[PDB]
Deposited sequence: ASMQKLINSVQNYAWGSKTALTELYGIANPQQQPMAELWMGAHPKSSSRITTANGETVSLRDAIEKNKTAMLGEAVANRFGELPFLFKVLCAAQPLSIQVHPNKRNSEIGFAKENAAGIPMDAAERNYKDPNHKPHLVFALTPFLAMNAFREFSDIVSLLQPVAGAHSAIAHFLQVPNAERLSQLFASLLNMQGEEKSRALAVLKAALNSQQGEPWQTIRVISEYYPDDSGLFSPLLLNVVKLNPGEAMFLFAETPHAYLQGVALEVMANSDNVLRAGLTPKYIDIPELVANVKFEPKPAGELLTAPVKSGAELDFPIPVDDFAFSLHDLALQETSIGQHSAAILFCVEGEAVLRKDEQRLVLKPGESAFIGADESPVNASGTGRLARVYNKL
């Protein structure tokens, strides 16, 4: 009861890997389903579970019944529920380019969709919270992604070989500024019919005459999205490969995409998503442009710089909703404590948690819920444990 081993949901979305969770963590998949996301938290659709008495209960249900005790008063008063959802993501194919609206615009979209009466669960629901809902991603295997606009002159260099693909490209090259970058982003997304095929032919041709990145990433993408205007997006947006242990915060109003690999992600039970390419779904382009900041982000500023204090490696996050830390285990115990509920996930090695008399082993890929009332616990072993919690 002090420390609770989690039973977690695996979402079998069609883009998931049939093997990654099995290779990494020994998770059984004899039916060979795609295993896209492993969920750690209290999502009302698919809450993690804990064991009673013998029986299991929804973690969400348990929290709901003893909110202050399990969450801590700070989190109870501030959020009224577990304020994060923690995932393992296994992208076996590239996923869609996404933008998260800011606070003001999330309020409006949420309100606009509510006024129009669209169910929260509908596929047309882009806005599920009136707050900006940020994400952090942390690489467990090499993790290929796109994030934010590149420096204007990086984009200039990259578009020259495809200058003939669309007049909007030549227009940007003439004066590579925010206004024309915005115009280019929208024009590419709005290409239709022979205008679209002409542009994609110019791009293909370039895949044969240009070597290295981001051309290679485009090739990887095109296997899954051969007829998507988003094939141009790596020329506009930074392409990053995170090494295992590196992390990146996804800011509002900023196009990004997870392209390949396995990562931890921290987010919330509610999310706001505007799609921006690599999708066969409908894009409201005006609305998208209205929710994007066309401001370059230097590649040097993409990764989150963590802070090491003793055994703890904190990844400072500029919101209160959640915090994220990595803890290096040793054979001598170290105390891990927080004012909030916490979830601890064994990244590698093996962790032995202790609270008083209770002992709990986590092998890689396993997790435990620690209620606010049960902090601190002692951790020993080898490898590393990841913690999601609240610093409030």
- What ranges of the deposited sequence are left out of this structure? 53
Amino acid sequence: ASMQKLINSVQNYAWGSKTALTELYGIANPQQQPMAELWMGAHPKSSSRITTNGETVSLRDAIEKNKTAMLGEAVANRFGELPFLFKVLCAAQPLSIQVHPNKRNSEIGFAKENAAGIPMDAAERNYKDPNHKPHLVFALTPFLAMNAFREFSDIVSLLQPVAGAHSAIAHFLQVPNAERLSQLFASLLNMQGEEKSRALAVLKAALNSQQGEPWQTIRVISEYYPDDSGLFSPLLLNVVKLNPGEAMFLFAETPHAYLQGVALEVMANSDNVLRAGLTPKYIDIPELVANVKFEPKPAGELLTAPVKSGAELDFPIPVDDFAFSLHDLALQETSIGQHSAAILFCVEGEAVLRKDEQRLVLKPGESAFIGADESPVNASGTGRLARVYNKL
From here on, numbers count along this sequence of modelled residues.
- Query: Comparing 251 to 259 with 301 to 309, which has the greater mean CA B-factor as deposited?
  - Reply: 301 to 309
- Task: Between 231 to 239 and 102 to 110, name whichever shows the higher mean Cα B factor according to the PDB entry.
- Result: 102 to 110
- From 277, 119, 245, 83, pick the one with the largest CA B-factor in the entry? 119
- Note on the structure: When the entry's CA B-factors for 367, 47, 340, 52 are compared, the highest one belongs to 52
- Query: In terms of the CA temperature factor given in the entry, to which third of its chain does residue 293 belong: lowest, middle or highest?
  - Reply: middle
- Query: Which third of the chain does residue 5 land in by C-alpha B-factor: lowest, middle or highest?
  - Reply: middle
- Can you work out whether the C-alpha temperature factor of residue 331 puts it in the lowest, middle or highest third of the chain? highest
- Please place residue 382 in the lowest, middle or highest third of its chain by C-alpha B factor as given in the entry. middle
- Compared with the other modelled residues in the chain, in which third is the CA B-factor of residue 371? middle
